[PDB]
Protein chains: 2
Amino acid sequence: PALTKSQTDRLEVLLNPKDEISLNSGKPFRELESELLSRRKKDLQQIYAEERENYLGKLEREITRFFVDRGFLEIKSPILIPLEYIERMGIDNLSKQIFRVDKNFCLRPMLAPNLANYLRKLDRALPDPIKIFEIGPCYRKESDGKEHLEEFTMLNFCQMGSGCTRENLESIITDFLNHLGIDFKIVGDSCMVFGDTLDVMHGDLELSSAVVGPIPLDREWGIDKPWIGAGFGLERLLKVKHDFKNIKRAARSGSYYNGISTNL
Amino acid sequence: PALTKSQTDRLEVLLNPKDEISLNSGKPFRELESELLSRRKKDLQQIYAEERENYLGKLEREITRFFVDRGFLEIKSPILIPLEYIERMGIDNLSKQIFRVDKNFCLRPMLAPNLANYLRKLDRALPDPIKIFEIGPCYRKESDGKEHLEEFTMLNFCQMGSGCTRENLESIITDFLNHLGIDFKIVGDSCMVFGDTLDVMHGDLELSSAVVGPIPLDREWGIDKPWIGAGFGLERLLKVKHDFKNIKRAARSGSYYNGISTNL
Ligand SMILES: Nc1ncnc2c1ncn2[C@@H]1O[C@H](COP(=O)(O)OP(=O)(O)OP(=O)(O)O)[C@@H](O)[C@H]1O
Ligand SMILES: Nc1ncnc2c1ncn2[C@@H]1O[C@H](COP(=O)(O)OP(=O)(O)OP(=O)(O)O)[C@@H](O)[C@H]1O
Ligand SMILES: N[C@@H](CCCCNC(=O)O[C@@H]1/C=C/CCCCC1)C(=O)O
Ligand SMILES: N[C@@H](CCCCNC(=O)O[C@@H]1/C=C/CCCCC1)C(=O)O
Ligand SMILES: [K+]
Ligand SMILES: [K+]
Ligand SMILES: [K+]
Ligand SMILES: [K+]
Ligand SMILES: [Mg+2]
Ligand SMILES: [Mg+2]
Ligand SMILES: [Mg+2]
Ligand SMILES: [Mg+2]
Ligand SMILES: [Mg+2]
Ligand SMILES: [Mg+2]
């Protein structure tokens with residue numbers, strides 16, 4: 001009773017992290033499949049009877065309450081953005097990761113350009129310091145794998161004016177991940193766009209890159225004050241919280257609901 | 001003291017529906033502009049001090065609670081979808097409204113295809129009737145104007161199995177718009193994709209098209225039961241609630257926050 005690769009793939013789709021079932025136990029495929037189908041139908045029936053909230057939707061709402069309560073303004077900006085923003089962030093023709101739309105547009109690969117525009121504009125009207133955040137879809141063409149999606153969901157929070165120090169940035173990151181119950185460490189890294197970053201790690205998984213400005217790119221966006229900011233992937237936070245093996249369990253998907261296969 | 005078209009446009013950007021200020025009162029542009037800038041800075045400072053929630057985000061959360069409480073499952077499905085879904089919904093090469101991405105993808109112009117897939121899949125696992133809904137971004141290339149956006153936000157709720165009658169569909173639409181406090185009437189219309197529709201009107205503004213199945217298109221999506229469904233534009237609901245003259249006030253935007261100009 002050896003399982004084919006097709007049979008193992010079907011069982012892995014139906015397996016969830018809390019199961020203490022092994023696919024190599026010697027039981028035939030028909031019994032492993034029947035048992036896992038029964039467990040997952042039960043799981044989906046319980047969600048329909050008692051919860052009915054989507055994991056990505058529910059986490060966005062929880063994060064939104066956290067930042068609104070700490071004084072950050074909730075932003076919802078365009079997902080379809082000018083291709084020119086890509087040139088101005090300095091992603092010089094990484095640029096291969098961009099989804100193009102028609103002649104002059106693209107799907108945004110990050111939230112920073114739209115939020116830079118909001119920091120600049122709101123500094124003319126609001127008292128110091130300016131505190132804002134956005135949650136929503138972002139897009140990158142990626143090598144397939146366990147920690148990257150082509151369509152994912154970003155949180156970016158940022159602050160401009162007073163209080164924009166490394167120690168305050170680390171304190172907000174720490175209060176945020178303590179609220180979610182997720183352990184982490186900070187390591188130094190760097191990238192083209194922003195220079196040196198403080199990367200927020202859970203083991204070898206990058207949850208966030210964060211930046212303490214000013215940086216030379218600021219003049220291109222009309223930013224002329226100290227600032228701090230961090231970008232987090234929500235599907236990666238869900239992967240840690242629910243111990244998913246593959247980040248697809250967490251994604252916008254017709255193939256999983258709250259980590260449960262929809263092929264039942 | 002006559003105002004140029006550029007000056008009137010600047011004042012219209014700064015004017016809000018609750019103002020009882022006229023741009024033709026004879027006052028010079030410099031005084032009308034200073035007064036409206038002061039009002040809008042005050043308005044934005046009050047939002048930052050006391051609310052901090054985005055109108056599109058807040059309405060999505062309110063609608064989500066309404067449908068979850070009435071027994072509908074919250075869905076979050078892909079925004080970037082196969083171009084093939086467009087052919088299969090019968091949008092035969094209206095097809096000019098589609099944003100293409102690379103060779104084989106597009107931005108979704110509606111939520112129905114992804115929700116048809118979820119109805120089919122969930123009918124294998126959940127008790128009758130199947131009740132689901134989604135809220136999120138949709139995309140159509142449009143003639144510019146006061147009631148159409150290229151990037152907008154759709155609610156679609158639907159049900160399959162028992163209870164899928166014209167009278168139950170009208171009763172859910174009625175309970176939903178009574179919850180939001182919006183008056184409406186129902187008129188018959190039709191379209192290519194679905195055939196006859198029940199259009200939900202507020203005056204001459206179309207809030208929704210709704211459908212009582214079965215329809216011949218069902219076989220293409222593997223749907224084989226009675227069903228009912230309705231699609232609503234959130235920016236149009238916000239336009240009615242806040243008496244906006246132009247639907248851009250309601251949109252994802254770097255140019256307005258909760259209907260207030262960000263150019264201050
Ligand atoms: N393709 C993707 N899929 C899912 N989440 C992603 C993806 N790209 C970035 N993120 C998330 O967005 C955050 C901010 O983006 P950033 O540009 O720092 O990513 P990155 O450094 O390119 O990530 P990686 O090094 O893993 O490719 C990341 O820390 C990660 O949580
Ligand atoms: N371009 C758009 N901008 C904003 N809302 C829209 C747009 N297109 C459709 N909607 C909203 O989505 C709902 C469901 O879509 P439907 O296909 O019935 O629109 P429609 O009949 O093409 O609208 P219209 O006749 O105004 O173009 C509409 O009733 C409307 O509330
Ligand atoms: N690298 C991380 C985000 C880093 C934080 C960005 N925060 C922010 O929105 O404000 C920036 C303001 C500075 C002016 C230059 C342009 C950037 C906008 C990511 O891609 O998720
Ligand atoms: N015309 C409106 C929506 C009408 C309701 C659709 N409801 C739904 O999601 O389920 C449909 C199930 C039937 C099988 C055929 C494919 C359609 C999916 C709009 O574009 O907003
Ligand atoms: K397991
Ligand atoms: K996806
Ligand atoms: K007015
Ligand atoms: K928009
Ligand atoms: Mg990367
Ligand atoms: Mg990295
Ligand atoms: Mg990074
Ligand atoms: Mg139309
Ligand atoms: Mg119409
Ligand atoms: Mg219609």
# chains A, B, ... in the order shown; residues from 1 in each chain; ligands from 1

$ interface_residues --of "chain B" --to "chain A" --cutoff "6 Å" --atoms "only C-alpha atoms" --output "ChimeraX atom specification"
/B:41,45,52-54,73-74,76-78,101,125-126,252-253

$ write_last_selection --atoms "N, CA, C and O atoms" --output "PDB file, in the first residue's frame"
ATOM      1  N   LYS B  41     -10.109  72.086   6.827  1.00  0.00           N
ATOM      2  CA  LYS B  41      -9.070  71.774   7.832  1.00  0.00           C
ATOM      3  C   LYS B  41      -9.708  71.411   9.173  1.00  0.00           C
ATOM      4  O   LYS B  41      -9.290  70.420   9.804  1.00  0.00           O
ATOM      5  N   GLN B  45      -9.336  67.819  10.929  1.00  0.00           N
ATOM      6  CA  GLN B  45      -8.824  67.772  12.297  1.00  0.00           C
ATOM      7  C   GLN B  45      -9.808  67.060  13.245  1.00  0.00           C
ATOM      8  O   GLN B  45      -9.355  66.281  14.129  1.00  0.00           O
ATOM      9  N   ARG B  52     -11.288  58.636  13.022  1.00  0.00           N
ATOM     10  CA  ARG B  52     -10.179  58.060  12.276  1.00  0.00           C
ATOM     11  C   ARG B  52     -10.508  56.878  11.343  1.00  0.00           C
ATOM     12  O   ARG B  52      -9.587  56.370  10.764  1.00  0.00           O
ATOM     13  N   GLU B  53     -11.782  56.566  11.120  1.00  0.00           N
ATOM     14  CA  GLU B  53     -12.168  55.471  10.218  1.00  0.00           C
ATOM     15  C   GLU B  53     -12.520  55.997   8.815  1.00  0.00           C
ATOM     16  O   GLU B  53     -13.236  57.036   8.666  1.00  0.00           O
ATOM     17  N   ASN B  54     -12.056  55.267   7.796  1.00  0.00           N
ATOM     18  CA  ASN B  54     -12.350  55.551   6.414  1.00  0.00           C
ATOM     19  C   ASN B  54     -13.817  55.199   6.067  1.00  0.00           C
ATOM     20  O   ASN B  54     -14.287  54.122   6.437  1.00  0.00           O
ATOM     21  N   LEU B  73     -22.093  33.403   4.783  1.00  0.00           N
ATOM     22  CA  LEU B  73     -20.620  33.214   4.922  1.00  0.00           C
ATOM     23  C   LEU B  73     -19.821  34.282   4.203  1.00  0.00           C
ATOM     24  O   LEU B  73     -20.080  34.533   3.004  1.00  0.00           O
ATOM     25  N   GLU B  74     -18.854  34.919   4.886  1.00  0.00           N
ATOM     26  CA  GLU B  74     -18.015  35.991   4.302  1.00  0.00           C
ATOM     27  C   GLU B  74     -16.937  35.407   3.394  1.00  0.00           C
ATOM     28  O   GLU B  74     -16.034  34.676   3.901  1.00  0.00           O
ATOM     29  N   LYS B  76     -13.625  36.098   0.647  1.00  0.00           N
ATOM     30  CA  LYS B  76     -12.603  37.013   0.037  1.00  0.00           C
ATOM     31  C   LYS B  76     -11.883  36.217  -1.047  1.00  0.00           C
ATOM     32  O   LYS B  76     -11.082  35.296  -0.751  1.00  0.00           O
ATOM     33  N   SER B  77     -12.204  36.511  -2.316  1.00  0.00           N
ATOM     34  CA  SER B  77     -11.721  35.747  -3.485  1.00  0.00           C
ATOM     35  C   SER B  77     -10.775  36.619  -4.340  1.00  0.00           C
ATOM     36  O   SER B  77     -10.637  37.832  -4.047  1.00  0.00           O
ATOM     37  N   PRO B  78     -10.138  36.057  -5.368  1.00  0.00           N
ATOM     38  CA  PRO B  78      -9.125  36.829  -6.129  1.00  0.00           C
ATOM     39  C   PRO B  78      -9.733  38.010  -6.868  1.00  0.00           C
ATOM     40  O   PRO B  78     -10.864  37.945  -7.402  1.00  0.00           O
ATOM     41  N   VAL B 101      -4.576  42.001 -17.999  1.00  0.00           N
ATOM     42  CA  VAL B 101      -3.290  41.905 -17.310  1.00  0.00           C
ATOM     43  C   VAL B 101      -2.483  40.758 -17.934  1.00  0.00           C
ATOM     44  O   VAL B 101      -2.956  39.625 -17.959  1.00  0.00           O
ATOM     45  N   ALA B 125     -20.843  20.354   0.825  1.00  0.00           N
ATOM     46  CA  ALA B 125     -20.400  20.279   2.228  1.00  0.00           C
ATOM     47  C   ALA B 125     -21.358  20.905   3.250  1.00  0.00           C
ATOM     48  O   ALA B 125     -21.348  20.489   4.423  1.00  0.00           O
ATOM     49  N   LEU B 126     -22.164  21.894   2.856  1.00  0.00           N
ATOM     50  CA  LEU B 126     -22.967  22.695   3.807  1.00  0.00           C
ATOM     51  C   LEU B 126     -24.458  22.342   3.673  1.00  0.00           C
ATOM     52  O   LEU B 126     -24.897  21.938   2.605  1.00  0.00           O
ATOM     53  N   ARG B 252     -11.774  55.242  -3.654  1.00  0.00           N
ATOM     54  CA  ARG B 252     -10.344  55.127  -3.322  1.00  0.00           C
ATOM     55  C   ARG B 252      -9.633  56.216  -4.036  1.00  0.00           C
ATOM     56  O   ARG B 252      -9.765  56.367  -5.237  1.00  0.00           O
ATOM     57  N   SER B 253      -8.814  56.948  -3.296  1.00  0.00           N
ATOM     58  CA  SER B 253      -8.419  58.260  -3.773  1.00  0.00           C
ATOM     59  C   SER B 253      -7.327  58.893  -2.944  1.00  0.00           C
ATOM     60  O   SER B 253      -7.341  58.794  -1.705  1.00  0.00           O
TER      61      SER B 253
END

$ residues_around --residues "residue 85 in chain B" --least-positions-apart "6" --cutoff "10 Å" --atoms "only C-alpha atoms" --output "ChimeraX atom specification"
/B:91,105-106,108,113-114,221

$ residues_near_ligand --ligand "ligand 14" --cutoff "10 Å" --atoms "only C-alpha atoms and all ligand atoms" --output "number ranges by chain"
B: 189-191, 194, 197-200, 206-211, 230-232

$ residues_near_ligand --ligand "ligand 9" --cutoff "12 Å" --atoms "only C-alpha atoms and all ligand atoms" --output "ChimeraX atom specification"
/A:94-98,109-110,139-145,147-150,190-193,205-209,233

$ residues_around --residues "range 9-18 of chain B" --least-positions-apart "2" --cutoff "12 Å" --atoms "only C-alpha atoms" --output "PyMOL selection string"
chain B and resi 3-7+20-24+28-41+43+239-246+248-249+255-264

$ write_last_selection --atoms "N, CA and C atoms" --output "compact mmCIF listing (two decimals), in the first residue's frame"
# COMPACT_ATOMS: atom_id res chain seq x y z
N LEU B 3 -15.74 84.73 -11.64
CA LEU B 3 -14.74 83.68 -11.41
C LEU B 3 -14.41 82.91 -12.67
N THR B 4 -13.13 82.60 -12.86
CA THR B 4 -12.71 81.77 -13.98
C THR B 4 -13.17 80.34 -13.75
N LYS B 5 -13.16 79.55 -14.82
CA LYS B 5 -13.47 78.13 -14.70
C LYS B 5 -12.47 77.41 -13.72
N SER B 6 -11.16 77.76 -13.78
CA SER B 6 -10.16 77.18 -12.84
C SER B 6 -10.51 77.53 -11.40
N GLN B 7 -10.92 78.79 -11.16
CA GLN B 7 -11.29 79.20 -9.79
C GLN B 7 -12.54 78.50 -9.28
N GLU B 20 -23.88 75.86 3.19
CA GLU B 20 -24.85 76.78 2.61
C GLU B 20 -24.04 78.03 2.27
N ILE B 21 -23.19 77.85 1.27
CA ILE B 21 -22.29 78.85 0.70
C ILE B 21 -22.48 78.79 -0.79
N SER B 22 -22.70 79.94 -1.43
CA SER B 22 -22.69 79.96 -2.90
C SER B 22 -21.50 80.67 -3.54
N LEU B 23 -21.02 80.06 -4.61
CA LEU B 23 -19.80 80.46 -5.28
C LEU B 23 -20.08 81.65 -6.19
N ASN B 24 -21.36 81.92 -6.43
CA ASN B 24 -21.81 83.07 -7.21
C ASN B 24 -22.38 84.24 -6.38
N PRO B 28 -15.26 87.64 -3.46
CA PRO B 28 -14.14 87.31 -4.34
C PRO B 28 -13.63 85.90 -4.04
N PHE B 29 -12.96 85.34 -5.04
CA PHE B 29 -12.35 84.00 -4.92
C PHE B 29 -11.47 83.88 -3.64
N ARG B 30 -10.65 84.91 -3.31
CA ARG B 30 -9.73 84.76 -2.16
C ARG B 30 -10.47 84.53 -0.83
N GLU B 31 -11.65 85.14 -0.66
CA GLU B 31 -12.43 84.95 0.57
C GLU B 31 -13.21 83.65 0.62
N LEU B 32 -13.79 83.24 -0.50
CA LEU B 32 -14.46 81.95 -0.60
C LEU B 32 -13.45 80.81 -0.39
N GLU B 33 -12.28 80.92 -0.99
CA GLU B 33 -11.25 79.91 -0.82
C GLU B 33 -10.75 79.85 0.63
N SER B 34 -10.47 80.99 1.27
CA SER B 34 -10.01 81.00 2.66
C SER B 34 -11.04 80.40 3.61
N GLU B 35 -12.32 80.78 3.45
CA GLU B 35 -13.40 80.22 4.27
C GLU B 35 -13.55 78.73 4.09
N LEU B 36 -13.58 78.25 2.84
CA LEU B 36 -13.72 76.78 2.64
C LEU B 36 -12.49 76.04 3.12
N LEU B 37 -11.26 76.56 2.96
CA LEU B 37 -10.05 75.89 3.48
C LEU B 37 -10.13 75.76 5.00
N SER B 38 -10.58 76.81 5.69
CA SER B 38 -10.71 76.76 7.14
C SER B 38 -11.74 75.71 7.54
N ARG B 39 -12.88 75.65 6.84
CA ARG B 39 -13.90 74.65 7.21
C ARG B 39 -13.37 73.22 7.03
N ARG B 40 -12.67 72.97 5.92
CA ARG B 40 -12.21 71.62 5.60
C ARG B 40 -11.03 71.21 6.49
N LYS B 41 -10.11 72.09 6.83
CA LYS B 41 -9.07 71.77 7.83
C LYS B 41 -9.71 71.41 9.17
N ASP B 43 -12.72 70.21 9.63
CA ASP B 43 -13.42 68.92 9.42
C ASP B 43 -12.40 67.77 9.53
N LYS B 239 -22.64 57.76 -1.92
CA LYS B 239 -23.12 58.95 -2.64
C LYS B 239 -24.51 59.31 -2.15
N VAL B 240 -25.42 58.35 -2.01
CA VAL B 240 -26.75 58.65 -1.47
C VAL B 240 -26.70 59.08 -0.01
N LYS B 241 -26.01 58.33 0.84
CA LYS B 241 -25.97 58.64 2.27
C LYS B 241 -25.43 60.03 2.55
N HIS B 242 -24.43 60.48 1.81
CA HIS B 242 -23.79 61.78 2.12
C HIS B 242 -24.14 62.88 1.14
N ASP B 243 -25.06 62.60 0.21
CA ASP B 243 -25.50 63.57 -0.78
C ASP B 243 -24.35 64.15 -1.59
N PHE B 244 -23.41 63.31 -2.00
CA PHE B 244 -22.29 63.77 -2.86
C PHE B 244 -22.78 64.04 -4.28
N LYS B 245 -22.25 65.11 -4.89
CA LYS B 245 -22.59 65.43 -6.28
C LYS B 245 -21.88 64.54 -7.26
N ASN B 246 -20.67 64.14 -6.89
CA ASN B 246 -19.88 63.30 -7.78
C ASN B 246 -19.36 62.08 -7.04
N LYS B 248 -16.76 60.48 -7.29
CA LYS B 248 -15.34 60.50 -6.95
C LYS B 248 -15.10 60.83 -5.47
N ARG B 249 -16.02 61.56 -4.84
CA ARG B 249 -15.91 61.87 -3.41
C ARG B 249 -15.84 60.65 -2.52
N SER B 255 -7.08 62.02 -3.48
CA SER B 255 -7.62 63.38 -3.67
C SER B 255 -8.75 63.78 -2.69
N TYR B 256 -9.42 62.82 -2.07
CA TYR B 256 -10.43 63.08 -1.03
C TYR B 256 -10.27 62.08 0.11
N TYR B 257 -10.48 62.54 1.35
CA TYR B 257 -10.61 61.67 2.51
C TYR B 257 -11.99 61.82 3.12
N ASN B 258 -12.87 60.80 3.09
CA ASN B 258 -14.23 60.89 3.63
C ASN B 258 -14.97 62.12 3.06
N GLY B 259 -14.77 62.31 1.74
CA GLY B 259 -15.41 63.39 1.03
C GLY B 259 -14.77 64.77 1.16
N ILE B 260 -13.68 64.88 1.95
CA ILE B 260 -12.96 66.17 2.18
C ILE B 260 -11.72 66.23 1.28
N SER B 261 -11.54 67.31 0.54
CA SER B 261 -10.34 67.44 -0.28
C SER B 261 -9.05 67.33 0.52
N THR B 262 -8.07 66.57 -0.02
CA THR B 262 -6.74 66.50 0.58
C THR B 262 -5.76 67.51 0.04
N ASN B 263 -6.25 68.41 -0.81
CA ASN B 263 -5.38 69.46 -1.32
C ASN B 263 -5.66 70.77 -0.55
N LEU B 264 -5.05 70.91 0.62
CA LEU B 264 -5.35 71.97 1.60
C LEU B 264 -4.12 72.86 1.92
